[PDB]
$ cat start_10.pdb   # PDB, C-alpha atoms
ATOM      1  CA  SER P   1      85.883  61.074  57.318
ATOM      2  CA  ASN P   2      82.430  59.906  58.313
ATOM      3  CA  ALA P   3      82.072  56.539  60.056
ATOM      4  CA  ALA P   4      80.084  53.641  58.614
ATOM      5  CA  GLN P   5      76.641  53.120  60.109
ATOM      6  CA  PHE P   6      74.339  50.121  60.575
ATOM      7  CA  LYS P   7      72.017  49.748  57.592
ATOM      8  CA  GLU P   8      68.276  49.391  57.331
ATOM      9  CA  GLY P   9      67.538  46.121  55.504
ATOM     10  CA  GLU P  10      70.786  44.454  56.532
ATOM     11  CA  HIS P  11      70.965  45.056  60.284
ATOM     12  CA  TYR P  12      67.377  45.990  61.166
ATOM     13  CA  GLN P  13      63.886  46.420  59.777
ATOM     14  CA  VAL P  14      61.482  49.249  60.508
ATOM     15  CA  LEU P  15      58.125  47.819  61.620
ATOM     16  CA  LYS P  16      54.617  49.306  61.170
ATOM     17  CA  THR P  17      54.153  49.858  64.892
ATOM     18  CA  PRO P  18      54.368  53.343  66.506
ATOM     19  CA  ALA P  19      57.695  54.377  68.112
ATOM     20  CA  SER P  20      57.892  54.044  71.885
ATOM     21  CA  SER P  21      57.723  57.092  74.153
ATOM     22  CA  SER P  22      60.989  56.154  75.849
ATOM     23  CA  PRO P  23      63.899  53.866  75.009
ATOM     24  CA  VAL P  24      63.076  50.165  75.330
ATOM     25  CA  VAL P  25      64.440  46.819  74.212
ATOM     26  CA  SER P  26      61.817  44.069  73.929
ATOM     27  CA  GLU P  27      62.562  40.363  73.576
ATOM     28  CA  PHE P  28      59.822  38.096  72.264
ATOM     29  CA  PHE P  29      60.417  34.570  73.555
ATOM     30  CA  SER P  30      58.839  31.327  74.635
ATOM     31  CA  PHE P  31      59.811  29.138  77.564
ATOM     32  CA  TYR P  32      59.366  26.240  75.097
ATOM     33  CA  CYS P  33      62.045  27.563  72.735
ATOM     34  CA  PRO P  34      65.483  25.953  73.170
ATOM     35  CA  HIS P  35      67.245  28.813  71.459
ATOM     36  CA  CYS P  36      65.531  31.296  73.726
ATOM     37  CA  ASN P  37      66.978  29.248  76.609
ATOM     38  CA  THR P  38      70.427  29.372  74.998
ATOM     39  CA  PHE P  39      70.077  33.150  74.525
ATOM     40  CA  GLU P  40      69.505  33.782  78.252
ATOM     41  CA  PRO P  41      73.159  34.501  79.201
ATOM     42  CA  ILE P  42      73.477  36.887  76.246
ATOM     43  CA  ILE P  43      70.274  38.655  77.256
ATOM     44  CA  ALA P  44      71.644  39.081  80.778
ATOM     45  CA  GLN P  45      74.806  40.673  79.356
ATOM     46  CA  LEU P  46      72.779  42.827  76.970
ATOM     47  CA  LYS P  47      70.743  44.174  79.879
ATOM     48  CA  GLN P  48      73.795  44.912  82.005
ATOM     49  CA  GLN P  49      75.355  47.027  79.271
ATOM     50  CA  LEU P  50      72.275  49.007  78.193
ATOM     51  CA  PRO P  51      72.420  52.808  78.423
ATOM     52  CA  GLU P  52      70.976  54.420  81.551
ATOM     53  CA  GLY P  53      67.268  55.044  81.111
ATOM     54  CA  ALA P  54      66.656  52.211  78.652
ATOM     55  CA  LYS P  55      64.119  49.596  79.709
ATOM     56  CA  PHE P  56      64.272  45.894  78.854
ATOM     57  CA  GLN P  57      61.073  43.875  78.564
ATOM     58  CA  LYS P  58      60.483  40.221  77.790
ATOM     59  CA  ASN P  59      57.222  39.399  75.985
ATOM     60  CA  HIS P  60      56.089  35.752  76.081
ATOM     61  CA  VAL P  61      54.473  34.326  72.937
ATOM     62  CA  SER P  62      51.680  31.764  73.051
ATOM     63  CA  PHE P  63      52.306  29.725  69.892
ATOM     64  CA  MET P  64      54.648  27.062  71.223
ATOM     65  CA  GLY P  65      53.506  24.368  73.642
ATOM     66  CA  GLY P  66      50.235  23.546  71.865
ATOM     67  CA  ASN P  67      47.266  23.865  74.195
ATOM     68  CA  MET P  68      49.582  25.100  76.981
ATOM     69  CA  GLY P  69      51.005  28.100  75.127
ATOM     70  CA  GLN P  70      48.495  30.613  76.482
ATOM     71  CA  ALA P  71      48.833  29.204  79.994
ATOM     72  CA  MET P  72      52.607  29.559  79.758
ATOM     73  CA  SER P  73      52.232  33.195  78.728
ATOM     74  CA  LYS P  74      50.019  33.710  81.779
ATOM     75  CA  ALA P  75      52.751  32.046  83.847
ATOM     76  CA  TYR P  76      55.347  34.503  82.574
ATOM     77  CA  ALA P  77      53.055  37.472  83.241
ATOM     78  CA  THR P  78      52.466  36.033  86.739
ATOM     79  CA  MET P  79      56.232  36.089  87.311
ATOM     80  CA  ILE P  80      56.183  39.796  86.447
ATOM     81  CA  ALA P  81      53.126  40.495  88.645
ATOM     82  CA  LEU P  82      54.600  38.701  91.674
ATOM     83  CA  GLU P  83      58.103  40.106  91.063
ATOM     84  CA  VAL P  84      59.692  36.629  91.027
ATOM     85  CA  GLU P  85      61.258  36.680  87.556
ATOM     86  CA  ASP P  86      64.824  36.230  88.778
ATOM     87  CA  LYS P  87      64.005  32.876  90.321
ATOM     88  CA  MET P  88      61.145  31.649  88.204
ATOM     89  CA  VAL P  89      62.472  32.374  84.702
ATOM     90  CA  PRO P  90      65.468  30.033  85.052
ATOM     91  CA  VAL P  91      63.331  27.509  86.980
ATOM     92  CA  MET P  92      60.833  27.318  84.124
ATOM     93  CA  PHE P  93      63.496  27.045  81.417
ATOM     94  CA  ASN P  94      65.224  24.304  83.471
ATOM     95  CA  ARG P  95      61.960  22.408  83.961
ATOM     96  CA  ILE P  96      61.260  22.340  80.237
ATOM     97  CA  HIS P  97      64.781  21.951  78.775
ATOM     98  CA  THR P  98      66.941  20.118  81.332
ATOM     99  CA  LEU P  99      64.451  18.183  83.456
ATOM    100  CA  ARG P 100      62.382  17.836  80.278
ATOM    101  CA  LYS P 101      59.139  17.546  82.259
ATOM    102  CA  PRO P 102      56.950  20.264  80.771
ATOM    103  CA  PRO P 103      53.623  20.847  82.551
ATOM    104  CA  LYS P 104      50.798  18.848  80.985
ATOM    105  CA  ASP P 105      48.073  21.190  82.237
ATOM    106  CA  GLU P 106      47.461  24.320  84.272
ATOM    107  CA  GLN P 107      47.433  22.314  87.515
ATOM    108  CA  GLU P 108      50.980  21.093  86.921
ATOM    109  CA  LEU P 109      52.013  24.593  85.812
ATOM    110  CA  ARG P 110      50.785  26.065  89.098
ATOM    111  CA  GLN P 111      52.610  23.371  91.042
ATOM    112  CA  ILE P 112      55.939  24.422  89.439
ATOM    113  CA  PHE P 113      55.554  27.766  91.248
ATOM    114  CA  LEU P 114      54.399  26.256  94.561
ATOM    115  CA  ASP P 115      57.379  23.898  94.525
ATOM    116  CA  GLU P 116      59.652  26.971  94.594
ATOM    117  CA  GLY P 117      57.908  28.417  97.647
ATOM    118  CA  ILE P 118      55.623  30.877  95.842
ATOM    119  CA  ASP P 119      52.620  31.609  98.041
ATOM    120  CA  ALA P 120      49.553  29.712  96.761
ATOM    121  CA  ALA P 121      47.001  32.421  97.484
ATOM    122  CA  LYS P 122      49.167  35.090  95.869
ATOM    123  CA  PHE P 123      49.741  32.887  92.846
ATOM    124  CA  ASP P 124      46.060  32.162  92.422
ATOM    125  CA  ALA P 125      45.067  35.836  92.719
ATOM    126  CA  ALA P 126      47.716  36.877  90.187
ATOM    127  CA  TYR P 127      47.458  34.074  87.624
ATOM    128  CA  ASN P 128      43.696  34.558  87.267
ATOM    129  CA  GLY P 129      43.851  38.325  87.767
ATOM    130  CA  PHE P 130      43.459  41.501  85.737
ATOM    131  CA  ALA P 131      47.134  42.571  85.567
ATOM    132  CA  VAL P 132      48.158  39.198  84.150
ATOM    133  CA  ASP P 133      45.229  39.140  81.721
ATOM    134  CA  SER P 134      46.191  42.628  80.556
ATOM    135  CA  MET P 135      49.832  41.687  80.090
ATOM    136  CA  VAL P 136      49.053  38.571  78.056
ATOM    137  CA  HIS P 137      46.715  40.593  75.818
ATOM    138  CA  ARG P 138      49.608  42.997  75.294
ATOM    139  CA  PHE P 139      52.125  40.245  74.528
ATOM    140  CA  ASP P 140      49.802  38.800  71.874
ATOM    141  CA  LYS P 141      48.759  42.104  70.325
ATOM    142  CA  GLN P 142      52.365  43.321  70.223
ATOM    143  CA  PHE P 143      53.462  40.130  68.475
ATOM    144  CA  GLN P 144      50.656  40.507  65.924
ATOM    145  CA  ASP P 145      51.028  44.255  65.340
ATOM    146  CA  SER P 146      54.782  43.877  64.938
ATOM    147  CA  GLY P 147      54.292  41.240  62.216
ATOM    148  CA  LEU P 148      56.836  38.928  63.844
ATOM    149  CA  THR P 149      57.237  35.418  62.477
ATOM    150  CA  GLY P 150      59.144  33.557  65.186
ATOM    151  CA  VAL P 151      61.167  33.690  68.384
ATOM    152  CA  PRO P 152      63.473  34.851  69.701
ATOM    153  CA  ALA P 153      63.043  38.359  68.312
ATOM    154  CA  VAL P 154      64.468  41.611  69.625
ATOM    155  CA  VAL P 155      62.660  44.873  68.880
ATOM    156  CA  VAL P 156      63.992  48.274  69.914
ATOM    157  CA  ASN P 157      61.783  51.300  70.629
ATOM    158  CA  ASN P 158      58.699  49.357  69.529
ATOM    159  CA  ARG P 159      59.574  49.478  65.834
ATOM    160  CA  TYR P 160      63.172  48.474  65.035
ATOM    161  CA  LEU P 161      63.464  44.726  64.579
ATOM    162  CA  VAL P 162      67.054  43.554  64.989
ATOM    163  CA  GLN P 163      68.329  41.209  62.288
ATOM    164  CA  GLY P 164      70.211  39.021  64.749
ATOM    165  CA  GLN P 165      72.219  37.076  62.183
ATOM    166  CA  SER P 166      73.627  40.283  60.683
ATOM    167  CA  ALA P 167      76.053  40.970  63.536
ATOM    168  CA  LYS P 168      79.532  39.482  63.153
ATOM    169  CA  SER P 169      80.199  39.502  66.889
ATOM    170  CA  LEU P 170      78.501  39.983  70.218
ATOM    171  CA  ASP P 171      80.009  43.421  70.680
ATOM    172  CA  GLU P 172      78.663  44.467  67.292
ATOM    173  CA  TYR P 173      75.241  43.124  68.300
ATOM    174  CA  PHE P 174      75.317  45.264  71.447
ATOM    175  CA  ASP P 175      76.477  48.262  69.405
ATOM    176  CA  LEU P 176      73.509  47.753  67.060
ATOM    177  CA  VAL P 177      70.981  47.636  69.902
ATOM    178  CA  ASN P 178      72.543  50.726  71.504
ATOM    179  CA  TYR P 179      72.392  52.563  68.170
ATOM    180  CA  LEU P 180      68.751  51.617  67.601
ATOM    181  CA  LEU P 181      67.883  52.949  71.068
ATOM    182  CA  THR P 182      68.709  56.439  69.739
ATOM    183  CA  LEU P 183      66.169  56.217  66.880
ATOM    184  CA  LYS P 184      62.578  57.450  67.044
TER     185      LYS P 184
END
$ encode --input "start_10.pdb" --output "structure tokens"
Amino acid sequence: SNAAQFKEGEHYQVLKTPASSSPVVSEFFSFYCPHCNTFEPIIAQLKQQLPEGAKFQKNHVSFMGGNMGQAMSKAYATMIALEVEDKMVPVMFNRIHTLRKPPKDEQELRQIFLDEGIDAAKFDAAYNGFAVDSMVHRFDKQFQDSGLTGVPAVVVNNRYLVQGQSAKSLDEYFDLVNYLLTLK
């Protein structure tokens, strides 16, 4: 017998973007998105069970938060640049969704980092710097080129968009991502 396989059109969609050069799982998210917050424990599990060699990369989108969406994307890229994601990702989700005190402007956004002990000079150099600017350009262009319509969204190898609702269980969802990682 031959085993059943995941199906294009039911379980995933092939996007117009080029395939990646190595295996990668990308999650498009916003800190403003409650469901993205809810998805965090599942993302942690997903990462822990990925095949050796596969990368995982969050991409922040700028379309939630009104006039603070771009600033919040810069904040996420700053977390990457400063290598403080493990602390600052849950801090930022907590600030928005549990404390429910989202930053009204870039000054308040910066203060969220300083209040966790992030060095002010390092923050200022990163937030307004070239690496962060480059990363936010990439987040936005990837979202556009991929033709995505909302968050959260999980894309494997740059061109396989997971149809999240198609999986009947978490283990099946993981199986789907692991399968897509083998496709070019």
$ closest_residue --input "start_10.pdb" --among "P:166, P:38, P:154, P:147" --to "residue P:180" --atoms "all atoms listed in the file"
P:154
$ atom_distance --input "start_10.pdb" --atom1 "atom CA of residue P:184" --atom2 "atom CA of residue P:5"
16.3 Å
$ closest_atom_pairs --input "start_10.pdb" --of "stretch 89-179 of chain P" --to "stretch 19-37 of chain P" --cutoff "8 Å" --atoms "all atoms listed in the file" --output "tab-separated table"
residue	atom	partner	partner_atom	distance
P:92	CA	P:31	CA	6.9
P:93	CA	P:31	CA	5.7
P:96	CA	P:32	CA	6.7
P:97	CA	P:34	CA	6.9
P:143	CA	P:28	CA	7.7
P:151	CA	P:29	CA	5.3
P:152	CA	P:29	CA	4.9
P:153	CA	P:28	CA	5.1
P:154	CA	P:27	CA	4.6
P:155	CA	P:26	CA	5.2
P:156	CA	P:25	CA	4.6
P:157	CA	P:20	CA	4.9
P:158	CA	P:20	CA	5.3
P:159	CA	P:19	CA	5.7
P:177	CA	P:25	CA	7.9
$ residues_near_point --input "start_10.pdb" --point "(49.5, 19.5, 78.8)" --cutoff "12 Å" --atoms "all atoms listed in the file" --output "list in words"
residues 64, 65, 66, 67, 68, 69, 70, 71, 72, 101, 102, 103, 104, 105, 106, 107, 108 and 109 of chain P
$ resolve_selection --input "start_10.pdb" --expression "the PyMOL selection byres ((chain P and resi 124-132) around 7)" --output "PyMOL selection string"
chain P and resi 74-75+77-78+81+120-123+133-136
$ closest_residue --input "start_10.pdb" --among "P:87, P:141, P:48, P:82" --to "residue P:60" --atoms "all atoms listed in the file"
P:141
$ atom_distance --input "start_10.pdb" --atom1 "atom CA of residue P:76" --atom2 "atom CA of residue P:49"
23.8 Å
$ closest_residue --input "start_10.pdb" --among "P:148, P:183, P:161, P:84" --to "residue P:63" --atoms "all atoms listed in the file"
P:148
$ closest_residue --input "start_10.pdb" --among "P:165, P:172, P:40, P:55" --to "residue P:94" --atoms "only C-alpha atoms"
P:40
$ atom_distance --input "start_10.pdb" --atom1 "atom CA of residue P:2" --atom2 "atom CA of residue P:178"
18.9 Å
$ closest_residue --input "start_10.pdb" --among "P:160, P:1, P:61, P:114" --to "residue P:144" --atoms "all atoms listed in the file"
P:61
$ axis_aligned_box --input "start_10.pdb" --around "stretch 95-107 of chain P" --padding-each-side "3 Å" --output "lines of an AutoDock Vina configuration file"
center_x = 57.2
center_y = 20.9
center_z = 83.1
size_x = 25.5
size_y = 12.8
size_z = 14.7
$ resolve_selection --input "start_10.pdb" --expression "the PyMOL selection byres ((chain P and resi 167) around 12)" --output "ChimeraX atom specification"
/P:6-7,10-12,162-166,168-177
$ closest_residue --input "start_10.pdb" --among "P:44, P:181, P:50, P:115" --to "residue P:86" --atoms "all atoms listed in the file"
P:44
$ decode --input "start_10.pdb" --residues "stretch 133-164 of chain P" --atoms "N, CA, C and O atoms" --output "PDB file, in the first residue's frame"
ATOM      1  N   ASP P 133      16.361  48.435  10.327  1.00  0.00           N
ATOM      2  CA  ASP P 133      15.685  48.984   9.164  1.00  0.00           C
ATOM      3  C   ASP P 133      15.595  47.912   8.074  1.00  0.00           C
ATOM      4  O   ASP P 133      14.552  47.734   7.437  1.00  0.00           O
ATOM      5  N   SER P 134      16.690  47.186   7.876  1.00  0.00           N
ATOM      6  CA  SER P 134      16.733  46.135   6.875  1.00  0.00           C
ATOM      7  C   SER P 134      15.748  45.006   7.191  1.00  0.00           C
ATOM      8  O   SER P 134      15.077  44.486   6.294  1.00  0.00           O
ATOM      9  N   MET P 135      15.689  44.610   8.457  1.00  0.00           N
ATOM     10  CA  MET P 135      14.774  43.561   8.849  1.00  0.00           C
ATOM     11  C   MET P 135      13.312  43.953   8.692  1.00  0.00           C
ATOM     12  O   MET P 135      12.506  43.150   8.233  1.00  0.00           O
ATOM     13  N   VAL P 136      12.959  45.187   9.032  1.00  0.00           N
ATOM     14  CA  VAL P 136      11.572  45.610   8.871  1.00  0.00           C
ATOM     15  C   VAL P 136      11.202  45.694   7.387  1.00  0.00           C
ATOM     16  O   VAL P 136      10.106  45.286   6.998  1.00  0.00           O
ATOM     17  N   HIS P 137      12.114  46.181   6.540  1.00  0.00           N
ATOM     18  CA  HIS P 137      11.863  46.141   5.104  1.00  0.00           C
ATOM     19  C   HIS P 137      11.580  44.711   4.655  1.00  0.00           C
ATOM     20  O   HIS P 137      10.704  44.470   3.827  1.00  0.00           O
ATOM     21  N   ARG P 138      12.355  43.760   5.164  1.00  0.00           N
ATOM     22  CA  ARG P 138      12.156  42.369   4.788  1.00  0.00           C
ATOM     23  C   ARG P 138      10.830  41.816   5.296  1.00  0.00           C
ATOM     24  O   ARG P 138      10.142  41.118   4.561  1.00  0.00           O
ATOM     25  N   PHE P 139      10.475  42.104   6.543  1.00  0.00           N
ATOM     26  CA  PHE P 139       9.169  41.665   7.042  1.00  0.00           C
ATOM     27  C   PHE P 139       8.050  42.135   6.097  1.00  0.00           C
ATOM     28  O   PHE P 139       7.169  41.362   5.708  1.00  0.00           O
ATOM     29  N   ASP P 140       8.066  43.419   5.753  1.00  0.00           N
ATOM     30  CA  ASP P 140       6.994  44.004   4.962  1.00  0.00           C
ATOM     31  C   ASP P 140       6.993  43.454   3.540  1.00  0.00           C
ATOM     32  O   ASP P 140       5.935  43.133   3.000  1.00  0.00           O
ATOM     33  N   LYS P 141       8.161  43.354   2.926  1.00  0.00           N
ATOM     34  CA  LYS P 141       8.217  42.863   1.555  1.00  0.00           C
ATOM     35  C   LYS P 141       7.846  41.376   1.482  1.00  0.00           C
ATOM     36  O   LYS P 141       7.191  40.936   0.539  1.00  0.00           O
ATOM     37  N   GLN P 142       8.248  40.601   2.492  1.00  0.00           N
ATOM     38  CA  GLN P 142       7.877  39.201   2.535  1.00  0.00           C
ATOM     39  C   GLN P 142       6.367  39.038   2.686  1.00  0.00           C
ATOM     40  O   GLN P 142       5.758  38.207   2.018  1.00  0.00           O
ATOM     41  N   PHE P 143       5.749  39.841   3.543  1.00  0.00           N
ATOM     42  CA  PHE P 143       4.304  39.775   3.696  1.00  0.00           C
ATOM     43  C   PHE P 143       3.594  40.108   2.375  1.00  0.00           C
ATOM     44  O   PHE P 143       2.642  39.420   1.961  1.00  0.00           O
ATOM     45  N   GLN P 144       4.053  41.157   1.697  1.00  0.00           N
ATOM     46  CA  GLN P 144       3.475  41.542   0.423  1.00  0.00           C
ATOM     47  C   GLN P 144       3.705  40.474  -0.643  1.00  0.00           C
ATOM     48  O   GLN P 144       2.757  40.068  -1.324  1.00  0.00           O
ATOM     49  N   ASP P 145       4.949  40.050  -0.834  1.00  0.00           N
ATOM     50  CA  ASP P 145       5.277  39.122  -1.908  1.00  0.00           C
ATOM     51  C   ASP P 145       4.572  37.792  -1.724  1.00  0.00           C
ATOM     52  O   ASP P 145       4.240  37.126  -2.696  1.00  0.00           O
ATOM     53  N   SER P 146       4.338  37.415  -0.474  1.00  0.00           N
ATOM     54  CA  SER P 146       3.683  36.159  -0.156  1.00  0.00           C
ATOM     55  C   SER P 146       2.169  36.224  -0.382  1.00  0.00           C
ATOM     56  O   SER P 146       1.509  35.189  -0.421  1.00  0.00           O
ATOM     57  N   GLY P 147       1.622  37.428  -0.503  1.00  0.00           N
ATOM     58  CA  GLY P 147       0.196  37.613  -0.725  1.00  0.00           C
ATOM     59  C   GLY P 147      -0.656  37.266   0.486  1.00  0.00           C
ATOM     60  O   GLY P 147      -1.848  36.951   0.349  1.00  0.00           O
ATOM     61  N   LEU P 148      -0.064  37.317   1.676  1.00  0.00           N
ATOM     62  CA  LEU P 148      -0.779  36.983   2.897  1.00  0.00           C
ATOM     63  C   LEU P 148      -1.870  37.996   3.203  1.00  0.00           C
ATOM     64  O   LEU P 148      -1.783  39.152   2.823  1.00  0.00           O
ATOM     65  N   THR P 149      -2.887  37.553   3.932  1.00  0.00           N
ATOM     66  CA  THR P 149      -4.076  38.360   4.158  1.00  0.00           C
ATOM     67  C   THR P 149      -4.404  38.544   5.634  1.00  0.00           C
ATOM     68  O   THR P 149      -5.429  39.134   5.964  1.00  0.00           O
ATOM     69  N   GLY P 150      -3.551  38.053   6.518  1.00  0.00           N
ATOM     70  CA  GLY P 150      -3.801  38.165   7.942  1.00  0.00           C
ATOM     71  C   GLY P 150      -2.733  37.448   8.745  1.00  0.00           C
ATOM     72  O   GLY P 150      -1.824  36.832   8.176  1.00  0.00           O
ATOM     73  N   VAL P 151      -2.852  37.546  10.062  1.00  0.00           N
ATOM     74  CA  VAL P 151      -1.959  36.860  10.984  1.00  0.00           C
ATOM     75  C   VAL P 151      -2.798  36.140  12.036  1.00  0.00           C
ATOM     76  O   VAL P 151      -3.935  36.527  12.324  1.00  0.00           O
ATOM     77  N   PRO P 152      -2.235  35.099  12.646  1.00  0.00           N
ATOM     78  CA  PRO P 152      -0.932  34.504  12.321  1.00  0.00           C
ATOM     79  C   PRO P 152      -0.964  33.739  11.002  1.00  0.00           C
ATOM     80  O   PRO P 152      -2.019  33.284  10.562  1.00  0.00           O
ATOM     81  N   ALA P 153       0.203  33.583  10.396  1.00  0.00           N
ATOM     82  CA  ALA P 153       0.362  32.767   9.201  1.00  0.00           C
ATOM     83  C   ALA P 153       1.701  32.071   9.285  1.00  0.00           C
ATOM     84  O   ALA P 153       2.687  32.681   9.675  1.00  0.00           O
ATOM     85  N   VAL P 154       1.720  30.796   8.931  1.00  0.00           N
ATOM     86  CA  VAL P 154       2.939  30.008   8.929  1.00  0.00           C
ATOM     87  C   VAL P 154       3.258  29.579   7.499  1.00  0.00           C
ATOM     88  O   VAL P 154       2.445  28.962   6.814  1.00  0.00           O
ATOM     89  N   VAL P 155       4.454  29.939   7.055  1.00  0.00           N
ATOM     90  CA  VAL P 155       4.940  29.637   5.716  1.00  0.00           C
ATOM     91  C   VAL P 155       6.216  28.826   5.823  1.00  0.00           C
ATOM     92  O   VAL P 155       7.133  29.214   6.543  1.00  0.00           O
ATOM     93  N   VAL P 156       6.268  27.714   5.107  1.00  0.00           N
ATOM     94  CA  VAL P 156       7.433  26.835   5.128  1.00  0.00           C
ATOM     95  C   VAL P 156       8.225  26.976   3.830  1.00  0.00           C
ATOM     96  O   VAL P 156       7.651  27.017   2.731  1.00  0.00           O
ATOM     97  N   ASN P 157       9.543  27.077   3.974  1.00  0.00           N
ATOM     98  CA  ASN P 157      10.466  27.128   2.834  1.00  0.00           C
ATOM     99  C   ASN P 157      10.107  28.253   1.863  1.00  0.00           C
ATOM    100  O   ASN P 157      10.260  28.133   0.654  1.00  0.00           O
ATOM    101  N   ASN P 158       9.659  29.366   2.436  1.00  0.00           N
ATOM    102  CA  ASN P 158       9.330  30.584   1.710  1.00  0.00           C
ATOM    103  C   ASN P 158       8.110  30.512   0.811  1.00  0.00           C
ATOM    104  O   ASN P 158       7.649  31.556   0.343  1.00  0.00           O
ATOM    105  N   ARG P 159       7.560  29.325   0.559  1.00  0.00           N
ATOM    106  CA  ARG P 159       6.462  29.278  -0.413  1.00  0.00           C
ATOM    107  C   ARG P 159       5.334  28.299  -0.125  1.00  0.00           C
ATOM    108  O   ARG P 159       4.445  28.171  -0.950  1.00  0.00           O
ATOM    109  N   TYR P 160       5.343  27.622   1.020  1.00  0.00           N
ATOM    110  CA  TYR P 160       4.233  26.727   1.352  1.00  0.00           C
ATOM    111  C   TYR P 160       3.474  27.283   2.543  1.00  0.00           C
ATOM    112  O   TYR P 160       3.948  27.229   3.681  1.00  0.00           O
ATOM    113  N   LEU P 161       2.310  27.867   2.268  1.00  0.00           N
ATOM    114  CA  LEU P 161       1.484  28.451   3.306  1.00  0.00           C
ATOM    115  C   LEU P 161       0.633  27.364   3.937  1.00  0.00           C
ATOM    116  O   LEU P 161      -0.163  26.725   3.253  1.00  0.00           O
ATOM    117  N   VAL P 162       0.802  27.152   5.236  1.00  0.00           N
ATOM    118  CA  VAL P 162       0.034  26.166   5.971  1.00  0.00           C
ATOM    119  C   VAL P 162      -1.411  26.626   6.119  1.00  0.00           C
ATOM    120  O   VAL P 162      -1.668  27.777   6.486  1.00  0.00           O
ATOM    121  N   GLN P 163      -2.352  25.735   5.825  1.00  0.00           N
ATOM    122  CA  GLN P 163      -3.757  26.002   6.101  1.00  0.00           C
ATOM    123  C   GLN P 163      -4.015  25.499   7.521  1.00  0.00           C
ATOM    124  O   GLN P 163      -4.334  24.336   7.732  1.00  0.00           O
ATOM    125  N   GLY P 164      -3.836  26.377   8.499  1.00  0.00           N
ATOM    126  CA  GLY P 164      -3.860  25.969   9.892  1.00  0.00           C
ATOM    127  C   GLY P 164      -5.091  25.177  10.302  1.00  0.00           C
ATOM    128  O   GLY P 164      -4.997  24.190  11.044  1.00  0.00           O
TER     129      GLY P 164
END
